[PDB]
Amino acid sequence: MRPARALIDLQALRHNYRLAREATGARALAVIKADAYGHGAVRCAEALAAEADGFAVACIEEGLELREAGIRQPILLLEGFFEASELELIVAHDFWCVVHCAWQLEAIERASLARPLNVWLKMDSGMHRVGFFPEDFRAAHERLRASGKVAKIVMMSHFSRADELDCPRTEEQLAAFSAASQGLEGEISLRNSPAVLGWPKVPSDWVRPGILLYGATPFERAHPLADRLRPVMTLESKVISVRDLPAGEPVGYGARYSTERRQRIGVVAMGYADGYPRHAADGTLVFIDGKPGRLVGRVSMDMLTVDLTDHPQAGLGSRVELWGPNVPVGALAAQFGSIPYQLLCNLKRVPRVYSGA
């Protein structure tokens, strides 16, 4: 069969979750939306179940997936419900539910509920994605309280630029949040991975680490705490064909790359349909049999090419690391204006082989 695969190190996952808790002194929801950012939500939840305060996902189906698999820890629906008809199963499966807008509030007020809802009331404190404006937040809170449909309320917001350590936007958003929620009782939840790792003045009773769990830094440069993260996914394959070429020969579609000299090229069983980025430029780092090398030629749907010229011992069957502990996925992604989040989420087709369960 094809030698492509994605290794998922669950010990590394636990390590990274623990770092988040230790750094903050807060309860932490492991953010495992989008199939744990491509790593496998059920398997990652199972691995964290014994020690996690809870999980967070994008929608009720991701939530139900976890419940069907036997996850009993709290689960937060980060966007709430999309249809009011979801409410009976939200209550029955005991999902914690974000409320970010007026129509959701109204649906709760007129809904017939078997048990009260645990609501995470979301404020738009400056990212202008979802949530109530600061000036509308108090009234929303009082309406949840008055409804008799709501048990606890957690007050929440989310940062747009916490990955920019020299940008004060995070400070501004916190100030707006604190001013608009002042005097309201309940826990608060503000911090994502960059704020957990890099913004120690930001408060939170509940933190919400996503990308750090997977061992990719959200930051563009080294950081003493993010430096301690352990990459979870290794995307790897093998060389399936070798070719000797004279200089000036085009490699792959579009001839973006031509051989610079007489070279030996290896074809690898990996391509953009698997999630490896088509945008990866010539000179992109790869590891070949445990040594640094480069990608040359445009990535195809199923296949990619690497330079074997300075790797005389390498050839057919050599192992190639596309990303992992030697080839950081975030540095790769930022090369062409992406973030590690996207590449990890794009993982498809290849087997996922879990270790450390």
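Just count from 1 along the sequence shown to find any residue number.
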(request) Look up the CA B-factors in the entry and say which stretch, 309-317 or 24-32, has the higher mean. (result) 309-317
(request) Give the stretch, out of 221-229 and 170-178, with the larger mean C-alpha temperature factor in the deposited entry. (result) 221-229
(request) Using the entry's values, work out which of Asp274, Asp136, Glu86, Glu236 has the largest Cα B factor. (result) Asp136
(message) So if I compare the CA B-factors in the entry for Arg208, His279, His141, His158, which one is the largest?
(response) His141
(request) State the tercile, meaning the lowest, middle or highest third, of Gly297 with respect to the CA B-factors recorded for its chain. (result) middle
(message) Lowest, middle or highest third: which one holds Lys149 when the chain's residues are ordered by CA B-factor from the entry?
(response) highest
(message) For the chain shown, is the CA B-factor of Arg72 in the lowest, middle or highest third of its modelled residues?
(response) highest
(request) Select lowest, middle or highest to describe the third in which the CA B-factor of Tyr257 falls within its chain in this entry. (result) middle
(message) Which third, lowest, middle or highest, does the C-alpha temperature factor of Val268 belong to within its own chain?
(response) lowest
